[PDB]
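S.K.: Contents of input-v9.cif (mmCIF, C-alpha atoms):
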data_coords
loop_
_atom_site.label_atom_id
_atom_site.label_comp_id
_atom_site.auth_asym_id
_atom_site.auth_seq_id
_atom_site.Cartn_x
_atom_site.Cartn_y
_atom_site.Cartn_z
CA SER A 1 -48.22 19.02 -18.41
CA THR A 2 -45.24 17.42 -16.73
CA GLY A 3 -43.46 14.08 -16.62
CA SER A 4 -41.18 12.40 -14.08
CA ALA A 5 -39.26 9.15 -14.58
CA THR A 6 -36.63 7.32 -12.59
CA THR A 7 -33.30 6.66 -14.30
CA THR A 8 -31.23 3.67 -13.15
CA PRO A 9 -27.52 2.84 -13.63
CA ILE A 10 -27.00 -0.13 -15.95
CA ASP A 11 -24.18 -1.58 -13.85
CA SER A 12 -22.13 -1.11 -10.68
CA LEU A 13 -19.90 1.53 -12.33
CA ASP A 14 -22.68 3.86 -13.55
CA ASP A 15 -21.48 3.27 -17.12
CA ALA A 16 -24.84 4.58 -18.37
CA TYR A 17 -28.38 5.14 -17.12
CA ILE A 18 -31.63 3.70 -18.44
CA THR A 19 -35.10 5.20 -18.20
CA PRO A 20 -38.32 3.34 -19.05
CA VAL A 21 -40.21 4.74 -22.04
CA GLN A 22 -43.68 3.68 -23.24
CA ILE A 23 -43.99 3.40 -27.03
CA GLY A 24 -47.12 2.57 -28.99
CA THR A 25 -50.59 1.26 -28.26
CA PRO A 26 -50.81 -0.89 -26.22
CA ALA A 27 -47.64 0.41 -24.62
CA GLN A 28 -44.36 -1.34 -25.28
CA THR A 29 -41.93 -0.35 -22.53
CA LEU A 30 -38.28 -0.05 -23.56
CA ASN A 31 -35.37 1.08 -21.40
CA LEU A 32 -33.67 3.94 -23.20
CA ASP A 33 -30.45 5.86 -22.63
CA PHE A 34 -31.42 9.53 -22.36
CA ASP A 35 -28.68 11.40 -24.21
CA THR A 36 -28.39 15.19 -24.07
CA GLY A 37 -25.55 14.90 -26.61
CA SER A 38 -27.64 13.57 -29.50
CA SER A 39 -31.05 14.11 -31.06
CA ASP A 40 -32.41 10.77 -32.32
CA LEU A 41 -34.90 8.53 -30.52
CA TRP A 42 -33.98 5.09 -31.84
CA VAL A 43 -34.85 1.61 -30.68
CA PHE A 44 -34.02 -2.03 -31.11
CA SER A 45 -36.95 -3.41 -33.06
CA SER A 46 -38.54 -6.33 -34.88
CA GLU A 47 -36.61 -4.98 -37.91
CA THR A 48 -33.18 -5.24 -36.28
CA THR A 49 -30.89 -7.82 -37.91
CA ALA A 50 -31.46 -10.89 -35.74
CA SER A 51 -27.78 -11.63 -35.09
CA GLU A 52 -27.39 -8.08 -33.74
CA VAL A 53 -30.02 -8.52 -31.02
CA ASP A 54 -28.78 -10.13 -27.80
CA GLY A 55 -31.16 -9.69 -24.87
CA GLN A 56 -32.62 -6.26 -25.63
CA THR A 57 -36.32 -5.57 -25.54
CA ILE A 58 -37.59 -4.71 -29.02
CA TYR A 59 -40.25 -2.39 -30.38
CA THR A 60 -42.60 -4.15 -32.81
CA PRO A 61 -44.46 -1.46 -34.75
CA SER A 62 -46.87 -3.97 -36.33
CA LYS A 63 -48.29 -4.59 -32.83
CA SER A 64 -48.94 -0.89 -32.22
CA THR A 65 -52.26 0.43 -33.48
CA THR A 66 -50.91 3.99 -33.46
CA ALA A 67 -47.68 3.27 -35.37
CA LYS A 68 -47.36 4.68 -38.88
CA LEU A 69 -44.42 4.19 -41.24
CA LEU A 70 -42.87 7.56 -42.07
CA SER A 71 -42.65 6.91 -45.78
CA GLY A 72 -39.20 7.20 -47.33
CA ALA A 73 -37.49 8.23 -44.10
CA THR A 74 -34.20 6.70 -43.02
CA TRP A 75 -31.65 7.48 -40.33
CA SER A 76 -28.02 6.70 -39.60
CA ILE A 77 -25.95 7.90 -36.67
CA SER A 78 -22.39 7.56 -35.43
CA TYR A 79 -21.47 8.42 -31.86
CA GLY A 80 -18.27 9.82 -30.38
CA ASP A 81 -17.37 6.44 -28.93
CA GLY A 82 -17.29 4.89 -32.41
CA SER A 83 -20.63 3.10 -32.15
CA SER A 84 -23.39 3.46 -34.75
CA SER A 85 -26.87 2.40 -35.82
CA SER A 86 -29.29 2.96 -38.72
CA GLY A 87 -32.75 2.10 -40.02
CA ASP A 88 -36.18 3.42 -40.95
CA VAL A 89 -38.75 5.53 -39.12
CA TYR A 90 -42.22 5.28 -37.62
CA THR A 91 -44.32 7.85 -35.87
CA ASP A 92 -46.03 6.65 -32.71
CA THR A 93 -47.17 7.70 -29.26
CA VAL A 94 -44.32 8.00 -26.76
CA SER A 95 -44.71 8.58 -23.03
CA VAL A 96 -42.05 9.30 -20.41
CA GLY A 97 -43.02 9.37 -16.77
CA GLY A 98 -46.62 10.28 -17.56
CA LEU A 99 -45.84 12.89 -20.25
CA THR A 100 -47.20 11.87 -23.66
CA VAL A 101 -46.22 12.98 -27.16
CA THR A 102 -48.28 11.83 -30.12
CA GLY A 103 -46.64 11.55 -33.53
CA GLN A 104 -43.11 11.21 -32.15
CA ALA A 105 -40.52 9.95 -34.63
CA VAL A 106 -39.39 6.53 -33.42
CA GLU A 107 -36.34 5.44 -35.37
CA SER A 108 -36.37 1.68 -35.81
CA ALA A 109 -32.94 0.08 -36.07
CA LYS A 110 -32.23 -2.27 -38.93
CA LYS A 111 -28.52 -2.35 -37.99
CA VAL A 112 -26.61 -1.64 -34.80
CA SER A 113 -22.87 -1.81 -34.11
CA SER A 114 -21.32 -4.42 -31.86
CA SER A 115 -21.17 -2.21 -28.76
CA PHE A 116 -24.96 -1.89 -28.79
CA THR A 117 -25.52 -5.61 -29.37
CA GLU A 118 -23.17 -6.43 -26.52
CA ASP A 119 -25.06 -4.27 -24.03
CA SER A 120 -28.24 -6.15 -23.22
CA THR A 121 -29.47 -3.43 -20.83
CA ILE A 122 -29.92 -0.58 -23.35
CA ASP A 123 -32.89 -0.89 -25.72
CA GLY A 124 -32.12 2.35 -27.58
CA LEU A 125 -31.43 6.04 -27.12
CA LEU A 126 -33.65 9.05 -26.50
CA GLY A 127 -31.86 12.17 -27.72
CA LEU A 128 -32.25 15.43 -25.83
CA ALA A 129 -29.83 17.71 -27.69
CA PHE A 130 -31.18 20.20 -30.24
CA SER A 131 -33.28 18.92 -33.13
CA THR A 132 -30.83 20.39 -35.64
CA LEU A 133 -28.67 17.28 -34.99
CA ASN A 134 -31.44 14.79 -35.79
CA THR A 135 -30.28 12.44 -38.56
CA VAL A 136 -33.59 11.53 -40.22
CA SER A 137 -33.54 12.05 -43.98
CA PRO A 138 -34.98 13.53 -46.11
CA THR A 139 -37.14 15.27 -43.49
CA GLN A 140 -35.41 15.98 -40.18
CA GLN A 141 -37.46 15.08 -37.11
CA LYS A 142 -37.92 16.68 -33.69
CA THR A 143 -36.77 15.34 -30.34
CA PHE A 144 -39.22 14.20 -27.68
CA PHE A 145 -38.49 17.37 -25.70
CA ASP A 146 -38.94 19.63 -28.71
CA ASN A 147 -42.34 18.00 -29.42
CA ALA A 148 -43.45 18.21 -25.77
CA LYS A 149 -42.13 21.69 -25.05
CA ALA A 150 -45.16 23.81 -25.86
CA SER A 151 -47.40 21.61 -23.69
CA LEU A 152 -45.11 21.63 -20.66
CA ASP A 153 -45.83 23.82 -17.63
CA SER A 154 -42.33 25.29 -18.16
CA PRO A 155 -40.10 24.57 -21.19
CA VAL A 156 -37.45 22.69 -19.23
CA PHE A 157 -36.21 19.27 -18.29
CA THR A 158 -33.90 18.33 -15.45
CA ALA A 159 -31.30 15.61 -14.96
CA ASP A 160 -30.65 14.34 -11.44
CA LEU A 161 -28.32 11.37 -11.92
CA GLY A 162 -27.35 9.23 -8.94
CA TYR A 163 -23.96 7.96 -7.87
CA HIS A 164 -24.31 4.19 -7.71
CA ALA A 165 -28.06 4.78 -7.24
CA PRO A 166 -31.19 5.69 -9.21
CA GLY A 167 -32.02 9.28 -10.07
CA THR A 168 -34.66 11.25 -11.93
CA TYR A 169 -35.46 12.96 -15.22
CA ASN A 170 -38.25 15.54 -14.88
CA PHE A 171 -39.99 17.35 -17.72
CA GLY A 172 -41.82 20.63 -17.35
CA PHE A 173 -40.97 21.56 -13.77
CA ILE A 174 -38.13 22.15 -11.34
CA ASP A 175 -38.35 20.05 -8.17
CA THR A 176 -37.16 22.54 -5.56
CA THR A 177 -36.71 19.73 -3.02
CA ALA A 178 -34.12 17.95 -5.19
CA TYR A 179 -31.16 20.28 -4.64
CA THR A 180 -29.46 22.38 -2.00
CA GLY A 181 -28.77 26.09 -2.20
CA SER A 182 -29.57 27.91 -5.43
CA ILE A 183 -29.43 27.00 -9.10
CA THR A 184 -26.79 28.97 -11.01
CA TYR A 185 -27.71 29.55 -14.63
CA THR A 186 -25.15 29.94 -17.38
CA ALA A 187 -25.27 30.77 -21.11
CA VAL A 188 -25.64 28.13 -23.81
CA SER A 189 -24.51 28.14 -27.42
CA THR A 190 -26.67 25.99 -29.69
CA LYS A 191 -24.39 26.56 -32.70
CA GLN A 192 -23.12 22.95 -32.72
CA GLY A 193 -26.51 21.51 -31.69
CA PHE A 194 -25.36 20.73 -28.14
CA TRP A 195 -26.01 22.10 -24.67
CA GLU A 196 -22.68 23.88 -24.93
CA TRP A 197 -21.55 26.18 -22.11
CA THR A 198 -18.40 27.61 -20.54
CA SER A 199 -17.19 26.54 -17.12
CA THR A 200 -15.34 29.23 -15.17
CA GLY A 201 -12.54 26.96 -13.91
CA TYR A 202 -11.55 24.11 -11.66
CA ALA A 203 -9.86 22.92 -8.49
CA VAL A 204 -8.23 19.61 -7.58
CA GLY A 205 -8.96 18.34 -4.08
CA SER A 206 -8.51 21.07 -1.49
CA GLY A 207 -6.32 23.06 -3.89
CA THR A 208 -6.86 26.62 -5.02
CA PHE A 209 -9.42 27.34 -7.72
CA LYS A 210 -7.99 28.09 -11.16
CA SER A 211 -10.07 30.64 -13.04
CA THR A 212 -10.07 29.62 -16.69
CA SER A 213 -12.76 29.31 -19.34
CA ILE A 214 -13.54 25.72 -20.35
CA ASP A 215 -16.05 25.37 -23.20
CA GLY A 216 -17.80 22.02 -23.21
CA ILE A 217 -21.08 20.17 -23.52
CA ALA A 218 -23.47 18.83 -20.88
CA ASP A 219 -23.83 15.25 -22.12
CA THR A 220 -25.80 12.66 -20.15
CA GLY A 221 -24.97 10.04 -22.79
CA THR A 222 -21.22 10.17 -22.11
CA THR A 223 -19.95 8.29 -19.05
CA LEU A 224 -16.80 10.24 -18.18
CA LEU A 225 -15.56 13.82 -17.80
CA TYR A 226 -13.33 14.83 -20.74
CA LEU A 227 -11.30 18.01 -20.23
CA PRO A 228 -8.18 19.68 -21.66
CA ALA A 229 -4.94 17.77 -21.20
CA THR A 230 -3.51 20.47 -18.91
CA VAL A 231 -6.44 20.15 -16.49
CA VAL A 232 -6.42 16.36 -16.57
CA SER A 233 -2.66 16.21 -15.94
CA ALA A 234 -3.07 18.53 -12.96
CA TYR A 235 -5.71 16.21 -11.50
CA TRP A 236 -3.84 12.92 -11.93
CA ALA A 237 -0.58 14.43 -10.67
CA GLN A 238 -2.25 14.39 -7.24
CA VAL A 239 -2.68 10.58 -7.35
CA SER A 240 0.48 8.60 -6.57
CA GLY A 241 1.23 6.15 -9.33
CA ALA A 242 -1.34 7.48 -11.81
CA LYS A 243 -0.23 7.59 -15.43
CA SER A 244 -1.60 7.90 -18.92
CA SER A 245 -1.52 4.53 -20.63
CA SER A 246 -1.65 4.50 -24.42
CA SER A 247 -2.29 0.74 -24.34
CA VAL A 248 -5.30 1.05 -22.03
CA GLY A 249 -6.55 4.27 -23.62
CA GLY A 250 -6.28 6.86 -20.88
CA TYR A 251 -5.28 7.60 -17.33
CA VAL A 252 -5.09 4.67 -14.96
CA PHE A 253 -4.30 4.65 -11.27
CA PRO A 254 -3.54 2.15 -8.51
CA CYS A 255 -6.75 0.69 -7.21
CA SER A 256 -5.34 1.22 -3.67
CA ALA A 257 -5.45 5.01 -4.14
CA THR A 258 -7.77 7.44 -2.44
CA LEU A 259 -8.85 9.86 -5.20
CA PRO A 260 -9.12 13.61 -4.62
CA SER A 261 -12.29 15.49 -5.47
CA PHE A 262 -12.56 17.68 -8.57
CA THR A 263 -14.41 21.00 -8.54
CA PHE A 264 -15.74 22.80 -11.59
CA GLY A 265 -17.05 26.34 -11.82
CA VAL A 266 -20.48 27.45 -12.97
CA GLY A 267 -20.30 31.23 -12.91
CA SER A 268 -19.32 32.09 -9.34
CA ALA A 269 -20.73 28.77 -8.09
CA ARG A 270 -18.82 25.54 -7.59
CA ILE A 271 -19.81 21.89 -8.14
CA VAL A 272 -17.71 19.34 -6.25
CA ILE A 273 -17.26 15.88 -7.73
CA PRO A 274 -16.23 13.52 -4.88
CA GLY A 275 -13.14 11.43 -5.53
CA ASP A 276 -15.07 8.17 -5.49
CA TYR A 277 -17.11 9.34 -8.51
CA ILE A 278 -13.86 9.30 -10.51
CA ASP A 279 -13.15 5.58 -9.91
CA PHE A 280 -14.17 3.31 -12.81
CA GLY A 281 -12.65 0.19 -11.35
CA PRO A 282 -10.18 -2.41 -12.59
CA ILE A 283 -9.13 -2.11 -16.22
CA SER A 284 -9.77 -5.86 -16.56
CA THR A 285 -11.19 -8.33 -14.07
CA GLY A 286 -8.81 -8.88 -11.16
CA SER A 287 -6.41 -6.09 -12.12
CA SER A 288 -5.04 -3.69 -9.52
CA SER A 289 -4.90 -0.93 -12.14
CA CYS A 290 -8.08 1.14 -12.17
CA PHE A 291 -9.51 3.33 -14.93
CA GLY A 292 -9.91 7.04 -14.27
CA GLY A 293 -13.14 8.96 -14.65
CA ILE A 294 -11.46 12.20 -15.76
CA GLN A 295 -9.78 11.85 -19.15
CA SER A 296 -8.26 14.10 -21.79
CA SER A 297 -10.47 15.55 -24.50
CA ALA A 298 -7.44 16.08 -26.75
CA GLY A 299 -8.36 14.71 -30.15
CA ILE A 300 -12.09 14.58 -29.35
CA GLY A 301 -12.32 18.19 -30.45
CA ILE A 302 -14.66 19.17 -27.62
CA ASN A 303 -14.74 19.01 -23.84
CA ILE A 304 -17.51 16.83 -22.42
CA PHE A 305 -19.18 17.21 -19.05
CA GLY A 306 -20.44 13.64 -18.96
CA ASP A 307 -22.07 11.65 -16.20
CA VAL A 308 -19.08 11.92 -13.81
CA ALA A 309 -19.67 15.67 -13.66
CA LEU A 310 -23.42 15.82 -14.09
CA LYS A 311 -24.22 13.28 -11.37
CA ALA A 312 -22.60 15.65 -8.82
CA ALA A 313 -25.29 18.23 -9.64
CA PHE A 314 -28.96 18.90 -10.20
CA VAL A 315 -28.96 20.09 -13.83
CA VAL A 316 -31.59 22.22 -15.54
CA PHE A 317 -31.83 22.10 -19.33
CA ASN A 318 -33.79 25.30 -19.97
CA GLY A 319 -35.35 25.23 -23.43
CA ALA A 320 -36.73 28.75 -23.35
CA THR A 321 -36.42 30.85 -26.53
CA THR A 322 -32.84 31.53 -25.48
CA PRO A 323 -31.73 28.25 -23.88
CA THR A 324 -29.62 28.20 -20.72
CA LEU A 325 -28.22 25.58 -18.34
CA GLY A 326 -28.59 25.57 -14.57
CA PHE A 327 -26.49 23.73 -12.00
CA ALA A 328 -27.12 23.24 -8.29
CA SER A 329 -25.38 21.18 -5.65
CA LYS A 330 -27.44 18.40 -4.08
#
Represent the structure of the file as C-alpha cells.
M.R.:
Amino acid sequence: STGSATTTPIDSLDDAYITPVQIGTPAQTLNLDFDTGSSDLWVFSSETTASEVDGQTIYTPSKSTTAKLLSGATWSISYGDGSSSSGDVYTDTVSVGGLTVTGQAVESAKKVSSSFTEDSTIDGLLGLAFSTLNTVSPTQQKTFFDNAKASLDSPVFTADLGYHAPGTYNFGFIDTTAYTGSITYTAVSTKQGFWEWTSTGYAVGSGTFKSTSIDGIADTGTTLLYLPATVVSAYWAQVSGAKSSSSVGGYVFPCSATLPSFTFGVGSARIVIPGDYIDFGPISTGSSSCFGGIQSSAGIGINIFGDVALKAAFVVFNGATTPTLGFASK
C-alpha cells in the first residue's frame, strides 16, 4: 500500500504545516501537524477542557463506531518549545492520503497548553519519530508509520515541504518526479528516538564550504534551523545590522536586508537554503526588525534541522531495519 497527502502552511510565514487526517467511522477529518521529532498522535477532542478549545476541529470518539477506549492508558507530553498536552487514549481507524491503519492509538487531549489553544489551525500532532519516544502509559503505543510499515510497498515516508506553498507527505514510495539529481543517503542514530544524523558542514552565501560534523535531528515539527553558536554567528555576520537580541529571544535583522543563502552538507552533496527562507518577518506588527530563521541551538542540547532546512529538500525517512535519511535538491 501507499498514501499521499498534501501538507499546507498554517500562515504566511510557514510557521508550521497541517495535513488532513481521517479518524474514525464515519471519518472525522482533523488537520494535524506531522512531527518527525515526536511519537504521539494526539488530537483536540470532545474531552478537551472547554476553555482550552478555541476554533480547532475536535475528535468525538463517541461518534465513531470503530473507537475503543484503551483502558487505563494515559499520555502526557512536553515539547521543546515549552508547550504540552495530556489525556487518555482510544484506538481507532486512521487514514492519511488513502493509507489506512486500523487500531491506531489516538491520544485524546483532556488538557492542552496555551500555545495550542491559541493556534486555531492545528487540531493535533501526528508523531513520526521512533515509537520508543511515545508517551502512553502503562503500555507504550506505536506511531502511525510504525503500524503501517509492514503493509507499505517500501518502508519509507517522504517529506516535501513547500516554501510559502503546499507540499506533500508520501508513505510507501519515493516519487522520482519530485526532486532533481540524486538522493544522498546518510546514517541515522535512533539512540535518542529521533531521526538523528550528521551533516558534513556548511557554507554561508557564496562563501567557501566548511567541512565540520554537525549532529542534529530532522524535525518537521520545528519551524526554524537551530545550529551551533559558531555557525549561526558566521551566518548573521554576513547581514549588516543583524544582532542577537536577548529581549526578543534570538537573532534579528533589519527587514530591509537581503539575506544570503545557507548551504548544509549531506555526505558529499549540498542542500542550498535560499536567503528568503530565512526571513520570519517583523518581530511584532509594524516593526522594521525581522526575526531570523537560523538560530543558536546552545542550551537546547541538540541541533535541529527544522522546516527552514527541510523545505529546501526532498527528504526520505527510510524505516528499513537499519534506518537512514535521504536528501535531494528539488
S.K.: Measuring atom to atom with all atoms listed in the file, identify which of A:134, A:211, A:287, A:6 is nearest to residue A:77.
M.R.: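 Looking only at the distances to residue A:77, the closest residue turns out to be A:134.
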S.K.: Calculated over all atoms listed in the file, which of the candidates A:58, A:133, A:150, A:21 has the smallest distance to residue A:79?
M.R.: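 Using all atoms listed in the file, residue A:79 sits closest to A:133.
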S.K.: With a distance cut-off of 8 Å and all atoms listed in the file, select the neighbouring residues of residue A:123, excluding the residue or stretch itself and same-chain residues fewer than 5 positions from it, and output the selection as a ChimeraX atom specification.
M.R.: /A:30-33,43-44,56-58
S.K.: Translate the PyMOL selection byres ((chain A and resi 313) around 9), as applied to the file shown, into an explicit residue set as a ChimeraX atom specification.
M.R.: /A:159-161,179,271-273,309-312,314-315,327-330
S.K.: Using only C-alpha atoms, which of A:107, A:262, A:192, A:97 sits nearest residue A:208?
M.R.: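 Closest candidate: A:262.
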S.K.: Spell out the residues picked by the PyMOL selection byres ((chain A and resi 87) around 6) here, as an MDAnalysis selection string.
M.R.: chainID A and resid 74:75 86 88 108:110
S.K.: Could you take the residues named above and write them with C-alpha atoms, as a CSV table (one decimal), in the frame of the given file?
M.R.:
chain,number,residue,atom,x,y,z
A,74,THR,CA,-34.2,6.7,-43.0
A,75,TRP,CA,-31.6,7.5,-40.3
A,86,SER,CA,-29.3,3.0,-38.7
A,88,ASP,CA,-36.2,3.4,-41.0
A,108,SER,CA,-36.4,1.7,-35.8
A,109,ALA,CA,-32.9,0.1,-36.1
A,110,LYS,CA,-32.2,-2.3,-38.9
S.K.: Could you state which residues are captured by the PyMOL selection byres ((chain A and resi 302) around 8) in this file, as a short mmCIF file (atom, residue, chain, number, x, y, z; two decimals) with C-alpha atoms, keeping the file's coordinate frame?
M.R.:
data_model
loop_
_atom_site.label_atom_id
_atom_site.label_comp_id
_atom_site.auth_asym_id
_atom_site.auth_seq_id
_atom_site.Cartn_x
_atom_site.Cartn_y
_atom_site.Cartn_z
CA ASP A 215 -16.05 25.37 -23.20
CA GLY A 216 -17.80 22.02 -23.21
CA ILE A 217 -21.08 20.17 -23.52
CA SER A 297 -10.47 15.55 -24.50
CA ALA A 298 -7.44 16.08 -26.75
CA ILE A 300 -12.09 14.58 -29.35
CA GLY A 301 -12.32 18.19 -30.45
CA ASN A 303 -14.74 19.01 -23.84
CA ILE A 304 -17.51 16.83 -22.42
#
S.K.: Closest to residue A:174 among A:147, A:318, A:189, A:83, using only C-alpha atoms?
M.R.: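 For residue A:174, the nearest of the given residues is A:318.
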